[PDB]
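You are given structure tokens for the same protein chain in two forms, set apart as structure 1 and structure 2.
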Structure 1
């Protein structure tokens, strides 16, 4: 060894001379020796530290198409990339643009030497990201996703993950290169844990993108990610779940979701809190405005599973909020909505749902819960139970608070109206009044509502500048007007004047309810 870092050093200028030889026959001889001088502790640091070498070696690899020297050279750089000095040395000689050129090599051993070295550079060499992007490694790597060696694909997809992370430039190019569809293809074809994991990471990164999102969805990403939710690997399952939650708001138009939806429902009974949370989140977005998904979730026991999720979550609002939102979506506008409304009651959900209206619940959960209660009230069998649990007094109380807050802002807190815990009080005013409108279909509920002296407030809400509020207020007043005593109170309260003006509202809903109140009040 005492002559390695002494003779090889005096040998460096030697082989370096041969690598630049014009004779395409002996240049191969050095390539072999040089490669050998990459396996010894000394020779390695000899060439690696010999800028002259690195440069020639790199130039050789790319130039000589000789399917024999291409690997000796490529094989040299790779041995150097296991050392920081090597990575840096390779980076300075411009090896990256070369290595990227070799990604097109039909000689597997060269291909493998290229992708593994680039991976090392992208993993520990600052500046590598720019260079690879510069040389156009992105489109190259996306093209190589058509290969079938799984360890190779795992390396390649990891590189793409490194290059894409937090960079829309790379992401755009990946998209244009047809990356999404290729990535989804891998998820539905292979079973090599490491590969699925690394690929799910690239998808996770792209799923937070605006342009990549709808692309992954169209490629069938939802269904494919859904294939691995039952896999033994926890990191794979969790990565698929996060990516799925990100895509879920742009996948409300997909077909063949039966399998995914059924799996999500069963995932609600998981021992892992994090899986439960994501699952509820994903179901909430997939059942928003999609009657088909709503019918499916209900069909596989979604209602019972969600009520159980709410019970198990306790005071953990990151779980109850989306679970309660899903339940809201499932209890209206679809063929089985009525079955869903009944099932919530049959599975002992009414008590827990009304309790959520009380502290320690914060506003976002409260807002979601008021909406669910409005839907539950569409089922006449839920009126007495909802009333027994104290729903009306709490809804009215919430209504009064939110309305006053909007009054302490009619002056100037900041702007027209801002938020409180992420919720505008105008939405609580609308939600509560809307819940009371439906509940008021019941004669007994009307007695309670009227008894709390709400008519004066409801009338003032007709002057609200917010159309949706004017509409639910007129709505609840119309329901209450069917009782003579309430009808006289509404009139004594001066509702006729404002109702008469609302007949001209630009909002059909508002004009209709206003007119309905007046008719109910006329023909008594």
Structure 2
């Protein structure tokens, strides 16, 4: 056991075909005896000998045995410091090009233990070019092996933009996405989804993950019994979903997200809402699918249940706003919000304690709801108009005498746009006018921002259809600013402006 030792050193470090080969099969043996090995990491001349013969050999049993030893040695915090102080990291990495499975398994786990416990190991693996080597190993098929390799990658990539970009350039995204859609082994899907989460916050990795089919592959695991796997999939999907507008094959993912809205899990709900929010922006087919699988219903229930938790209601409200315009079933969806009892909660979200991003999204949603005639009356009855007017008046003041992510100019435009639509209904025009808004709408004709001039002249165009209001609009001196706006580069602006003028000068 203890005394007769650096014998096998000298024959290992030898320059002969048989000599070092059969000598290595020896340290191998003795490293297995737990308390016998805990003494063999002592010899710097011994430790480093192991390393060399591994780096340059031919023997599949030399290799196996050298690696397995380092493997075996990598369990004590003294056992690791030895491998490290010796410099096996670069050789171990070099062993990641080997074609012999057992050699792979031994290298990876040694690096793994080193990456896990040993000071300074992350930096030395990077220097050795391990990232590239680990990425190329992702095409293997042994799940235990792949689990370890993906975990090395997560350890290296976390908080290290340089490493994330090397992973990108080595084709990481595709190979990690392949893993997600091929395997079922939880431990492996989990660590892989962690690697994808870490990369999904990277400006360059994100579209590559999306181009590789990331969104669909991640979707596959959203009903796994493993909660840590589903959640990590939800976080990654969320980070990526603003880049996935152009993706097809999205129908399964979209249906699962709708079901996930009903979850008891707050992070689950929060994620699904935000993912549905992003994937529905502009892509009218996603709109179509989400509505076809009951999205409106589910989004209304989610908003009713969230109460004042803005992490939920804001993305849910943005999703409902996407879903209530500019697709073939926009109109059924505008109706469905009312039918599932959404109109009161949506008006309620305009009031404190709601913060600005929510108010903004909510106003946008009201705008859309108002395109549907049968919403005109309940919106009024729920009190939509006076709050939208107060929000407008206050936000316009803030813009003159000059917030939390949002510019008051957006609330001005949003509120005026919402009132423009609501003004289609005659009783609504009475409330709007009775709130003495005409002076304000006229001032908004002078705004620098064209979209504001558009909704302002549009709402005046709606109001000017009643005799009494046209007179009022004229008394505000609207003729002059409308005169100049006839020449706006914006056709909406120039057209609305001419309809007001027409309706005023029937005298």
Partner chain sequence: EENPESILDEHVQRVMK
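The term rigid core refers to the most C-alpha atoms you can superpose between the two forms while keeping them within 1.5 Å. Positions refer to the first chain, counted from 1.
- Task: When you get a sec, tell me if the form solved without the partner chain is 1 or 2.
- Result: The form solved without the partner chain is shown as structure 2.
- Please name the single residue among 47, 480, 472, 495 whose Cα shifts by at least 2 Å between structure 1 and structure 2 after core superposition. It is 47; the other listed residues stay below 2 Å.
- residue 460 C-alpha relocation of at least 2 Å between structure 1 and structure 2, rigid core basis: No; that C-alpha moves by less than 2 Å between structure 1 and structure 2.
- Is residue 58 one of the residues whose C-alpha moves 2 Å or more between structure 1 and structure 2 after the core fit? Where the cores coincide, residue 58 shows only a C-alpha shift between structure 1 and structure 2 that is less than 2 Å.
- Item | Per-residue C-alpha deviation between structure 1 and structure 2 [residue 361; rigid core superposition; Å] | Here residue 361 registers a C-alpha shift of 1.1 Å.
- Task: Could you tell me how many Å the Cα atom of residue 38 shifts between structure 1 and structure 2 when the rigid core is held superposed?
- Result: Comparing between structure 1 and structure 2 after core fitting, residue 38 shifts 2.1 Å at its C-alpha.
- How much does the C-alpha of residue 242 shift between structure 1 and structure 2, in angstrom, given a rigid core superposition? Comparing between structure 1 and structure 2 after core fitting, residue 242 shifts 0.3 Å at its C-alpha.
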